[PDB]
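Here the structure comes first, spelled out in structure tokens, and everything after it is commentary.
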Amino acid sequence: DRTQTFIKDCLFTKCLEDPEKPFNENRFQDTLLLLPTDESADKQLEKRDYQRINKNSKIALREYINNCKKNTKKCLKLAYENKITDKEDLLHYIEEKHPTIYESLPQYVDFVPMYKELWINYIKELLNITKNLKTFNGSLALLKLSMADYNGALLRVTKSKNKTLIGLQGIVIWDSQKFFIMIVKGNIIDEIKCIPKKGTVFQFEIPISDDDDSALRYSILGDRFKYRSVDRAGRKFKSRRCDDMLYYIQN
Amino acid sequence: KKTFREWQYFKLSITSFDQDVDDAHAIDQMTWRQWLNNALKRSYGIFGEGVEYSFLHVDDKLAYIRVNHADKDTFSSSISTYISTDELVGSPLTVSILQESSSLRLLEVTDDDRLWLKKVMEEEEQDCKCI
Amino acid sequence: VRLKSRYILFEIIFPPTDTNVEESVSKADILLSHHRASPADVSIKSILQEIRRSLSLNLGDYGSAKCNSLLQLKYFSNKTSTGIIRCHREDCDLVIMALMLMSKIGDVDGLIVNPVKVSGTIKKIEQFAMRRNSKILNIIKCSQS
Amino acid sequence: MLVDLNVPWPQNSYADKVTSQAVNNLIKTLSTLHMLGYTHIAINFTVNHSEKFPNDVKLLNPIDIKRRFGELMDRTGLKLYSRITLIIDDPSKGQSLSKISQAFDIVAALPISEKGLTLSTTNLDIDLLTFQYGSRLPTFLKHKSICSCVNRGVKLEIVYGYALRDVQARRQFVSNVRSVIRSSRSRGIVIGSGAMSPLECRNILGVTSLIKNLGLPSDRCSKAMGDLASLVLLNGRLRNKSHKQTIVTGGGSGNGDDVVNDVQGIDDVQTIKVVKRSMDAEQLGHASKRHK
Amino acid sequence: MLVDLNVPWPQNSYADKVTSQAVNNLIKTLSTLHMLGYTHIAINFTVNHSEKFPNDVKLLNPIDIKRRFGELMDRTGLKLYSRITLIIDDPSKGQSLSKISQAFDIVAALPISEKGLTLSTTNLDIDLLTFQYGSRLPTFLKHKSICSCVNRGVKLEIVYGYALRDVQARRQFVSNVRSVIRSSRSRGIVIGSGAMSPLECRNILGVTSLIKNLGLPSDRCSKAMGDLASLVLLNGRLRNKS
RNA sequence: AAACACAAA
RNA sequence: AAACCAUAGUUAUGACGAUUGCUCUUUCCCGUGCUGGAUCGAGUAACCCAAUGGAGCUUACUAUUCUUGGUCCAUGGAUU
RNA sequence: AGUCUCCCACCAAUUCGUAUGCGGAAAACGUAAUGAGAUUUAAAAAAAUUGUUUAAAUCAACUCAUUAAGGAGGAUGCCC
Ligand SMILES: [Mg+2]
Ligand SMILES: [Mg+2]
Ligand SMILES: [Mg+2]
């Protein structure tokens with residue numbers, strides 16, 4: 001190839017100006033490729049009925065949210081018209097004068113008691129909350145919490161981009177992908193609260209009162225709560241920027 | 001559109017550790033001047049040496065330096081760089097610019113030397129306005 | 001992206017400092033008496049070291065540190081005393097002022113440095129050098145008469 | 001707020017024992033930085049790559065913030081963080097970051113070769129990229145690599161405190177800083193002071209004047225020292241404290257209980273936070289209506 | 001085109017007669033100037049304010065460009081002009097300009113005291129004002145008199161040659177040129193080459209870079225150096241003829 | 001540098 | 001042996017000065033208002049850069065690091 | 001800017017002789033009406049491009065499946 005390379009160079013010095021350009025940058029291919037460029041029935045039944053149940057439950061949840069939205073407004077308007085402040089008088093007045101709008105209203109005293117206990121016991125068994133607190137491990141606990149379910153969980157908005165969303169406590173009724181759904185109580189407030197997660201901070205406190213009165217201080221970040229695993233593990237994570245958390249340090 | 005700035009003031013202050021060597025020696029105006037002349041010649045050549053600067057209200061570890069608006073960068077790059085060594089002190093000197101101003105509006109104490117300098121500066125101000 | 005370069009063309013001119021001898025006043029006579037030749041003790045590393053010393057002596061420490069990042073002599077031959085100094089587009093003024101403030105060579109005295117052409121590419125510098133060399137021959141041919 | 005993230009510790013190898021004079025000088029320089037004014041200080045510890053990492057966990061950190069800095073903070077009023085810089089040049093088989101990363105807070109790198117630079121930019125999970133401003137640069141730094149890195153995370157760090165060491169190092173320091181700023185597009189730049197004694201420290205105005213004389217605008221310096229320093233502290237803090245940005249072990253109630261701010265409250269031998277019961281189910285949800 | 005108007009003549013008083021070697025060195029310097037590239041040359045002659053001015057008209061100028069430099073003017077192709085500076089210290093032995101302004105072309109002054117600056121800004125029909133850049137400037141240059149002398153038409157001359165002499169006076173020259181640039185506010189700044197030997201001659205690029213690094217903007221340098229120098233030459237010619 | 005490729009990475 | 005050809009054309013696209021306009025803030029007047037007017041001040045952005053020409057698509061930009069228009073069964077306050 | 005596509009000779013035709021929703025010479029090209037869909041799917045998850053990289057209360061966004069051009073008659077709805 002040496003005399004052949006000399007011939008090729010004496011040939012390239014006539015066309016090109018730098019003969020040792022292609023051999024240096026590896027543009028003279030030594031090879032030229034020549035080739036043309038080249039029991040299912042019940043399973044289907046279950047899949048279809050699951051599709052139908054999902055499609056129905058979505059519309060049902062939507063219309064339930066809309067019904068609660070309208071009912072809260074109308075009942076608060078009627079309350080301001082009747083000049084009744086506290087809830088124990090307003091709900092009784094509505095029951096004794098408006099039967100229909102009362103079966104559409106929700107009840108916080110109905111929603112809190114079992115939900116709170118059945119979630120507290122579940123989290124206590126998951127995180128292995130024992131009488132003694134020397135058998136803990138932070139890494140595995142955080143991994144479990146990332147894998148844990150928050151369906152029916154008590155969360156408090158402690159920090160947010162909007163100065164008005166902070167301080168709201170509520171128990172989960174459903175975990176969506178963009179908004180977070182809870183329920184709050186006030187003087188007459190029985191509003192279903194939908195809160196954005198992009199730029200807000202939540203927190204949940206687990207009570208422990210065997211001998212002393214102490215609680216664990218945990219918290220989640222909605223902005224990065226959308227790209228987590230669900231009930232399983234082994235999902236390749238990507239570093240996003242870790243850059244839009246400036247509101248966390250700012251205020 | 002913009003008014004031409006004559007110069008710019010600079011609040012200088014010495015920071016020397018080793019309280020014993022600090023109270024032992026006592027700097028003065030000529031000390032300040034020699035330190036500046038050494039810093040400019042060490043960090044820069046004739047460029048830094050030809051910088052115009054005067055001394056106003058020299059005190060114990062306090063002095064005010066006016067530098068032209070065109071040489072504020074040369075002054076602020078040389079001040080925060082140099083560290084004195086074997087000039088008059090056993091403990092080397094380091095200077096930190098406290099603050100800067102371009103409108104003469106600064107008052108630390110209720111003394112009258114700032115008032116006198118202000119008086120002469122506005123009698124020059126109206127004089128450059130008319131002339 | 002592109003590194004912004006700016007080459008500098010300079011000439012070494014020897015003034016005929018001799019008050020005891022009478023001289024001819026013309027164009028080509030003074031062009032020949034100023035472009036006589038460069039001495040043998042002339043190279044690239046001897047001019048680069050001299051300009052590096054002068055840069056530190058005139059500007060200072062930071063003035064030499066900012067300028068000595070891309071300070072190289074690309075092409076220079078002692079037969080015609082023409083050199084091409086590469087530098088940044090930021091420090092061109094510094095290199096020009098240093099070439100102006102060049103006092104003398106450590107062993108050769110009585111010489112001046114003249115910056116002629118400054119450009120951001122070597123092809124235009126070569127074209128201008130060829131044009132200047134062609135212009136030089138005209139007055140020579142005219143005076144040889 | 002002002003953050004200085006490259007305060008060096010007088011020890012390079014684990015075989016070295018720090019005398020009391022060095023600890024006293026460090027206490028003096030911390031007091032000096034606090035008196036004139038500062039908010040966050042993260043001391044640095046430097047080790048090489050080919051050394052033998054000790055197979056311990058409770059002996060990897062010769063800083064003991066609770067022992068002597070616990071003596072100093074109650075009178076000073078600021079916080080300290082422990083960080084490590086990896087001197088990695090040749091990709092040897094010694095690699096035990098799974099311990100030192102979780103033991104320390106911030107993990108940086110000090111590449112000298114090209115292969116080490118490539119592996120630290122691609123695979124190595126670090127927080128800051130520091131170059132040897134004392135020696136010569138390894139190669140001609142690329143633009144696309146640094147841009148993709150600062151978009152993926154890790155930013156570059158410039159230490160103006162090394163230019164105060166000697167005279168011959170200033171030219172190389174300026175030449176390296178110019179290339180870093182030109183290749184990094186002035187986006188991911190974090191400034192620090194690597195001073196070993198309180199006498200080589202400066203004020204924020206001297207710092208911004210030096211960097212504006214270097215070539216970076218002063219407003220960008222202020223922004224990178226205010227927001228970018230806080231962000232690079234936050235990232236390195238919650239990547240080790242919390243999980244992979246999904247669950248946080250700290251709950252911010254007001255404006256001082258922050259994962260990077262609250263340092264004495266949060267336990268370190270574990271990750272729990274034992275607080276009294278302050279969240280009930282009978283309290284009114286609306287904070288404007290909730291009264292105690 | 002370029003204008004150089006600060007070439008000194010090797011003669012201080014009237015009594016000392018010039019030698020052939022000085023004329024040869026001046027010819028060397030002017031030939032070097034023309035070699036580096038120049039168009040207008042105006043040689044300067046220094047004299048003291050106390051020295052007795054002669055009561056003549058055809059003997060005021062010991063230059064005689066026509067018989068000495070008239071042959072070079074025809075051969076090499078340049079022109080020469082006469083310029084005289086006044087080294088003034090005290091308002092005594094003076095009060096005479098109608099005879100010194102007609103013979104020479106450009107009239108300059110060199111004040112070295114605080115009263116000299118007042119006498120130059122008030123009662124001197126001069127065009128350029130120069131200082132001793134080598135040694136220290138007399139007291140302090142202020143905007144008060146500088147503005148009033150620039151608004152009428154008098155410019156300030158800067159000698160970039162004085163720096164090329166020694167190493168120590170470079171500091172004083174820089175400290176004076178930056179002071180006068182800060183005071184003049186960068187309007188009336190003319191540049192001249194005060195070199196008597198051909199080894200201290202430079203080109204336009206180097207001088208421009210030097211004055212730019214000293215504190216003058218790039219537009220001001222070129223605009224002044226060309227137009228203000230040409231206008232000073234024209235005003236001098238008009239003062240001599242009509 | 002840019003610009004190119006059934007390359008190479 | 002040339003076909004050598006760009007209302008930028010082949011590592012070039014410089015250097016400062018001056019004018020209007022644009023965004024907020026500390027001021028005074030007619031009529032509330034009016035791309036109504038004038039002083040005291042700050043800033044003119046980022047992605048990024050041609051190498052033969054045109055079209056389509058996708059991907060980077062605009063937080064005291066210029067702006068503009070609309071929408072929102074998003075929340076916060078007030079009236080009916 | 002990008003490791004995306006295409007034009008930059010023709011062919012009453014082995015030459016995509018392709019009257020196929022509209023525009024277009026072509027285009028991994030723009031947009032319009034309806035129905036459905038989510039590793040249980042036609043296909044996204046445990047050729048190019050992009051840090052995050054469609055959705056998964058409703059809206060908004062992506063993907064796929066149908067609707068050939070012009071003239072005439074009847075019915076319905078609106079100003080009348
Ligand atoms: Mg390109
Ligand atoms: Mg490319
Ligand atoms: Mg391209």
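Quick note on labels: first sequence line is chain A, next is B, and so on, each numbered from 1. Scope of the values below: all heavy atoms of this structure, side chains included, with no hydrogens, waters or symmetry mates.
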Subject >> Phosphate OP1/OP2 of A74(G): any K178(A) side-chain N/O under 4.0 Å >> reply: no
Subject >> Nearest-Å distance once atom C1' is located in both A43(H) and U54(H) >> reply: 13 Å
Original post:
Using Watson-Crick and G-U wobble pairs whose two distances are both under 3.5 Å, how do you write the pairing of RNA chain G as dot-bracket, with | for links to another strand?
Top reply: .......................(..(.(......).)..)...........|.||........................
What N/O pairs connect the protein and nucleotides 52-54 of chain H at under 3.5 Å? Give each pair on its own line.
{"from": "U52(H)", "atom 1": "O2'", "to": "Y227(A)", "atom 2": "OH", "distance (Å)": "3.2"}
{"from": "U53(H)", "atom 1": "OP2", "to": "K238(A)", "atom 2": "NZ", "distance (Å)": "3.1"}
{"from": "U53(H)", "atom 1": "OP2", "to": "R240(A)", "atom 2": "NH2", "distance (Å)": "3.3"}

Original post:
Which residues pass the salt bridge (charged side-chain N to carboxylate O under 4.0 Å, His left out) test with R185(D), sequence neighbours left out?
Top reply: none
Pairs under 3.5 angstrom only: tabulate donor-acceptor contacts from the side chains of residues 224-231 of chain A to other protein residues two or more places apart or in another chain.
{"from": "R228(A)", "atom 1": "NH1", "to": "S146(A)", "atom 2": "O", "distance (Å)": "3.2"}
{"from": "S229(A)", "atom 1": "OG", "to": "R232(A)", "atom 2": "O", "distance (Å)": "2.5"}

Subject >> Listed once per pair and sorted, the side-chain hydrogen bond (donor to acceptor under 3.5 Å, both in side chains) pairs that draw on residues 205-228 of chain E, sequence neighbours left out >> reply: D93(C)-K212(E)
**OP:** Provide the full list of salt bridge (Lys or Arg N to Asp or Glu O under 4.0 Å) pairs with a residue in residues 59-81 of chain A, sequence neighbours left out, each pair given once.
**Re:** none
Subject >> With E100(B) via salt bridge (charged side-chain N to carboxylate O under 4.0 Å, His left out) - residues at least two apart >> reply: none
Original post:
Does the side chain of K159(A) come under 3.5 Å of the side chain of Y248(A) through a donor N or O and an acceptor N or O?
Top reply: no
Subject >> Distance-only donor-acceptor test (3.5 Å): side chain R2(C), base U13(G) >> reply: yes
**OP:** For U15(H) versus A33(H), give the span between their P atoms, rounded off to a whole number of Å.
**Re:** 40 Å
Subject >> Main-chain N/O of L284(D) paired with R290(D) side-chain donor or acceptor, under 3.5 Å >> reply: yes
Original post:
In whole Å, what separates the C1' atom of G37(H) from that of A42(H)?
Top reply: 9 Å
Original post:
Any side-chain N or O of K193(A) less than 4.0 Å from the OP1 or OP2 oxygen of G76(G)?
Top reply: yes
Subject >> Pairwise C1' distance for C4(G) and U50(H), with rounding to whole Å >> reply: 41 Å
Original post:
Looking at residues 17-41 of chain A, who's got a heavy atom less than 4.0 Å off RNA chain F?
Top reply: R27(A), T37(A)
**OP:** State whether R187(D) places a side-chain N or O below 4.0 Å from either non-bridging phosphate oxygen (OP1 or OP2) of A46(G).
**Re:** no
Can you give each donor-acceptor pair under 3.5 Å made by side-chain atoms of residues 179-192 of chain A, sequence neighbours left out, with the distance rounded to 0.1 Å?
{"from": "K185(A)", "atom 1": "NZ", "to": "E282(D)", "atom 2": "O", "distance (Å)": "3.1"}
{"from": "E191(A)", "atom 1": "OE1", "to": "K193(A)", "atom 2": "NZ", "distance (Å)": "2.9"}

Original post:
Considering only the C1' atoms, how many Å lie between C49(G) and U11(G), rounded to the nearest integer?
Top reply: 12 Å
**OP:** Taking atom P in both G33(G) and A18(G), compute the distance separating them and give it to the nearest angstrom.
**Re:** 36 Å
Subject >> Integer angstrom distance from the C1' of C16(G) to that of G37(G) >> reply: 33 Å
Original post:
Of the residues in residues 210-226 of chain E, which ones touch RNA chain G at a heavy-atom distance under 4.0 Å?
Top reply: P217(E), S218(E)
**OP:** Apply side chain to side chain donor-acceptor pair (under 3.5 Å) to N151(A) and list each qualifying residue two or more places apart in sequence or on a separate chain.
**Re:** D149(A)
**OP:** Give me the residues of residues 46-84 of chain A where at least one heavy atom lies under 4.0 Å from an atom of RNA chain F, by number, or none.
**Re:** none
**OP:** Between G17(G) and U35(G), how far apart are the P atoms? Round to whole Å, please.
**Re:** 35 Å
